[PDB]
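One structure is given below, encoded as structure tokens.
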Amino acid sequence: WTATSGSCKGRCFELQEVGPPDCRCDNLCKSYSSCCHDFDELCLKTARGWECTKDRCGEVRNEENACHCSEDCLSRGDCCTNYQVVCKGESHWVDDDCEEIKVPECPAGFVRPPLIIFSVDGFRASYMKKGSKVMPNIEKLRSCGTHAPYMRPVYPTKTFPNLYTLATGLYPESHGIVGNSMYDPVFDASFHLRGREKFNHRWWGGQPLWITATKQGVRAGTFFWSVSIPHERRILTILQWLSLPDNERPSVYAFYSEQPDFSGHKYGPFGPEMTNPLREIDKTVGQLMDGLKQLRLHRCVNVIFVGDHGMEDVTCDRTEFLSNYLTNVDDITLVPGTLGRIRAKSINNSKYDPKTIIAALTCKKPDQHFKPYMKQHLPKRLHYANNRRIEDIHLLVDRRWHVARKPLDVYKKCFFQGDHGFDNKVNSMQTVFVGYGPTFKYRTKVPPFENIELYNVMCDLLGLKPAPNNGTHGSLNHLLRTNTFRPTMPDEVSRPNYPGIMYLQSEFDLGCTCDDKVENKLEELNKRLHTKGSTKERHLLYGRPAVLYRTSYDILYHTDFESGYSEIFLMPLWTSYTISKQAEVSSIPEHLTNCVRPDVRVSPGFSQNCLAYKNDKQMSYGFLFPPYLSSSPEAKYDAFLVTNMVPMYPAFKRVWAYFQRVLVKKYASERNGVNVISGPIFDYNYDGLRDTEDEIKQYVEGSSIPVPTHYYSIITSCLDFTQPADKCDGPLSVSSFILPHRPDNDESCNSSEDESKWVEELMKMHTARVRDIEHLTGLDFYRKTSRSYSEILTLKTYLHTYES
Ligand SMILES: *[C@@H]1O[C@H](CO)[C@@H](O[C@@H]2O[C@H](CO)[C@@H](O[C@@H]3O[C@H](CO[C@H]4O[C@H](CO[C@H]5O[C@H](CO)[C@@H](O)[C@H](O)[C@@H]5O)[C@@H](O)[C@H](O[C@H]5O[C@H](CO)[C@@H](O)[C@H](O)[C@@H]5O[C@H]5O[C@H](CO)[C@@H](O)[C@H](O)[C@@H]5O)[C@@H]4O)[C@@H](O)[C@H](O[C@H]4O[C@H](CO)[C@@H](O)[C@H](O)[C@@H]4O[C@H]4O[C@H](CO)[C@@H](O)[C@H](O)[C@@H]4O)[C@@H]3O)[C@H](O)[C@H]2NC(C)=O)[C@H](O)[C@H]1NC(C)=O
Ligand SMILES: O=C(COc1ccc(OC(F)(F)F)cc1)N1C[C@H]2CN(C(=O)c3ccc4[nH]nnc4c3)C[C@@H]2C1
Ligand SMILES: [Ca+2]
Ligand SMILES: [Cl-]
Ligand SMILES: [K+]
Ligand code: NA
Ligand SMILES: [Zn+2]
């Protein structure tokens, strides 16, 4: 209850939110039904419109006007944005040549260049090129400032999760806004687009930029705008706030546009009706820049033009219905549309079973346009699992489709032609980034990057310490002229041991055999050299990975590969090897098919054993360095050491073998050699972060051999592929993946076919950043290169997306 009997006189868009039951006048009061009686009259003036005309010039101030063309308007801070153009012979900002802004040019009393965030809903990346004719203001920011060809949103590519990811630098799983619609089972409360629950603070995790600023003494404009406040009023309010006295003036501001998203839903991303909303956005950008120029701020303020997600063609007739798959359709609740989330309709129903739901949804129709997952088996690059608000069952919907529960949900709930929400690597969901200002670079294109990285840079722009977040601070330093953040590499926490030969063969009782009793200082001094590290600079091109937690592990050298072998997990944390363009693939000799060899550098007590794999009817084993790529028959024996073995389900050995036998060589052929680092990942609580040993839920039967949830590989080569991977003088090129280690290939509907028709497609879906592997393994890669640390941070955030 508000006593809406007070007045907004001189309080319009006040920056303190006064507490009930004084009446409110802030840009949010409408949404709370709490505005003073006279809010509309005083604060939402519209008389005479938004532009000065020739006859208004020098007018007598009339306070009823939406904006002013009188002589006192510059000092009152409330001229129409085109005042100087119309009345003082000035040019529009878009008509001025662009001129490098080397230093901030700010009025006296400004302590730092203000930051203005101009955010646009549904602004698809390809609008920058495709709409460029009708957006001259936006085109000027883009070509004169710093721009990326596109910016990757987070999953799901829905509005609330992405705008709040922009504000916090966090994945939705960590900030808690995991959809536009949510149920939280602990609160027992629902979050909806319509209604008052969504305003409650307990949904909103993390620390958004306006709170980070405020706590550090930087004042912030209010980020939220009621839908019915016209764009022109939002702009004039920002400019008014920029004329406040020094002690009252914010340093950071946001503008938000519901367009082009709003028309994109009705007309599709490229409908002919979309040209108007692009013109209109651009005209708003021009009003802002004209208004800044008037206040002498156009070479002082940093502007970010940034979208939340793109927009795809999606129509009612491209809907899949769960009623065509499930017999028990009324026992589930579905969150529907461009993603699916399924939970039980009632917790009192003990006949509910996720396994039979998943199975009824798996590979059931030839053209099926969604795929079911338990949330922990989603591609780790989505980081969409670690939150009680994300339902255990997830459907990843193909681009251009919806999923709904029953046909009656579509016709009695076409009505629309565009939507978004799909997988964040989809081209149509990509969005935009431009920075323009003294602190951004001049006419500089930067590579695509993810929206989780912007929060750190916004903090950098405002001299703030960011709250802990999912960006990699320093990865976007190349966007900035100054204010760069200079990180240092993390300190290694555990140092390796370098074991020599310490055990005789008969000390091992592992149930392993190898047909190897077949056998000079020519070929004998040479083998000693190889076990001491003599070929280590061929196979370890960027230094050893550092271990950033407390553990016990051994470096092991071999002719063809080097490994860091964990005595705690009984297998390598990492295995590093280089395959040149010239390398040849050989088969495993007949006699050596089941060969496993004790490693005389490593105690029986810290080794796996073959018996456990024999006794374990479900689990087999594979090798991290592939026997197929051995440099010689003799070197091949090294690949069968017990210390190169890792537990693998037969189903997963199909994927791994094809990767190792076919794909590594293919990559070495195309990239002019590749360095590969491979290893296991344990993430049983699906939090994106390395498990400690007491979190492991599965072992090889009768043993202490822990079973990985995933296997990773990082594949590096020279960005200039005229140089071979092992003699590369400049920037690197990387692709990586984190394959889920699963006992079936149910994910891959074509898997009964030959691996050439399905494995590479699985791997592409599970593409990852080196940074994703860092979090999952507690390792730090690329510690010894000739590149600057900032450039290495950017390489570690790279994602190879396989889109066109
Ligand atoms: C992406 O980046 C993010 C952010 O960096 C990473 O997420 C962080 O990762 C940490 C490890 O998972 C985690 O540390 C936890 O935190 C526990 C305390 O957490 C609360 O406090 C947080 C701080 O708020 C304040 O921030 C500043 C200082 O930074 C202050 O000035 C202000 O005053 C702020 O208020 C807060 O952020 C956090 O919020 C979460 O939970 C809220 C609901 O309660 C949500 O609103 C919000 O959205 C957050 O939700 C996410 O995170 C939680 C995990 O916290 C998760 O469950 C949700 O699903 C969701 O994903 C809290 O309010 C701390 O107590 C923990 O310590 C335990 O474990 C250690 C083991 O070493 C023990 O020492 C300790 O005793 C304790 O164990 C005990 O408790 C156990 C139960 O957990 C029990 O089993 C056990 O037996 C013991 O009794 C631990 O440090 C961060 O909280 C988390 N931060 C955020 C924002 O998510 C993320 O990892 C990155 N992702 C990737 C892939 O890299
Ligand atoms: O006023 C703002 C600006 O809010 C920020 C926050 C952070 C922010 O972060 C920053 F600054 F870093 F960009 C920027 C603007 N609003 C965000 C709007 C989204 N709304 C929807 O109703 C909605 C729901 C589903 C949709 N699908 N498609 N479009 C959709 C739109 C109303 C909200 C009002
Ligand atoms: Ca984990
Ligand atoms: Cl949602
Ligand atoms: K077995
Ligand atoms: Na299959
Ligand atoms: Zn939308």
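Per the deposited numbering, the sequence shown runs over residues 51 to 463, 468 to 573, 576 to 860. From the three backbone atoms N, C-alpha and C, an ideal C-beta is built for every residue, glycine too.
*Any residues whose CB sits closer than 5 Å to a heavy atom of ligand 3? List them in chain order?*
739, 741, 743, 745 and 747
_Between residue 223 and residue 440, how many whole angstroms is the CB-CB distance? I'm expecting something under 8 Å._
7 Å
*Which residue's Cα is closest to the Cα of residue 147: 305, 309, 104 and 193?*
193
*asked:* Quick test of your reading: residue 781 and residue 773, contact by CB under 8 Å. State the CB separation rounded to the nearest angstrom.
replied: 4 Å
*For residue 766, does the three-state DSSP call read helix, strand or coil?*
strand
_Closer than 8 Å: residue 232 CB and nearest ligand 4 heavy atom_ = yes
*Confirm the yes/no value for this check: CB of residue 433, any heavy atom of ligand 1, distance under 8 Å.*
yes
_Rounded Cβ spacing between residue 410 and residue 375 (contact assumed at less than 8 Å)_ = 5 Å
*What is the C-beta distance between residue 143 and residue 267, in whole angstroms, given that I count them as a contact (C-beta under 8 Å)?*
About 31 Å separates the two Cβ atoms, so there is no contact after all.
*Report the partner residues of residue 234 according to the DSSP bridge assignment.*
239
_Please give the ranges of any alpha helix (DSSP H) in the region 106-157, keeping only runs that are unbroken, at least 4 residues long and fully inside the region._
123-126 and 133-138
*asked:* With DSSP as the reference, identify every bridge partner of residue 488, one or two as the case may be.
replied: 197 and 355
*What first and last residue would you give for the alpha helix (DSSP H) that runs through residue 671?*
666-671
*Tell me, to the nearest whole angstrom, how far the beta carbon of residue 301 is from that of residue 191; I am working on the premise that it is less than 8 Å.*
Between residue 191 and residue 301 the Cβ distance is about 20 Å, and since that is not below 8 Å, they are no contact.
*Please say whether residue 628 and residue 612 have beta carbons closer to each other than 9 Å?*
yes
*For residue 811, which three-state DSSP category applies?*
helix
*Assuming residue 465 and residue 624 form a contact by the criterion Cβ under 8 Å, report the distance between their Cβ atoms to the nearest whole angstrom.*
Any structural detail on residue 465 is unavailable, because the chain resumes at 468 straight after 463.
*Might you give, ordered along the chain, the residues of its own chain that have their beta carbon closer than 6 Å to the beta carbon of residue 814, omitting 5 neighbours on each side?*
804, 806 and 807
*Roughly how many whole angstroms lie between the Cα atoms of residue 442 and residue 424?*
6 Å
*Taking residue 848 as part of the beta strand (DSSP E), name the residues at either end of that continuous run.*
Element bounds for residue 848: not the beta strand (DSSP E) but the alpha helix (DSSP H), 845-853.
*Report the residue from 169, 673, 698 and 313 whose alpha carbon sits nearest the alpha carbon of residue 657.*
698
_Quick check on the burial criterion: 16 or more other C-beta atoms within 10 angstroms. Buried or exposed for residue 60?_
exposed
*CB of residue 139 to nearest heavy atom of ligand 7: below 8 Å?*
no
*Could you spell out where the beta strand (DSSP E) holding residue 678 opens and where it closes?*
676-679
*Please list, in chain order, all residues of the same chain as residue 368 whose beta carbon is under 8 Å from its beta carbon, the five residues on each side excluded.*
419, 450, 451 and 452
*When you compare each of 538, 497 and 498 to residue 513 by their alpha carbons, which one comes out closest?*
538
*Just curious, the beta strand (DSSP E) that residue 735 is in, first and last residue?*
730-737
*With residue 632 and residue 617 assumed to form a contact (beta carbons below 8 Å), what rounded beta-carbon distance in angstroms separates them?*
6 Å
*Going along the chain, which residues of its own chain have a beta-carbon closer than 7 Å to the beta-carbon of residue 777, five neighbours each way excluded?*
727 and 728
_I'd like the list of long-range same chain contacts for residue 134, defined as Cβ closer than 7 Å, with 5 residues on each side in sequence excluded._
140 and 344
*What whole-angstrom Cβ distance do residue 170 and residue 354 have, given they're in contact under 8 Å?*
Rounded, the Cβ-Cβ distance is 11 Å, inconsistent with contact.
*Beta-carbon contacts of residue 95 that lie in its chain and below 6 Å, excluding the five residues immediately before and after*: 116
*Alpha carbon to alpha carbon, how far is residue 326 from residue 136? Give it in angstroms, no decimals.*
24 Å
*Use the C-beta contact count for residue 522: other C-beta atoms within 10 angstroms, 16 or more gives buried, fewer gives exposed.*
exposed
_Residue range of the unbroken beta strand (DSSP E) whose run includes residue 441_ = First-last for residue 441: undefined, no H or E at that position.
*Would the beta-carbon of residue 393 be found less than 8 Å away from any heavy atom of ligand 4?*
no
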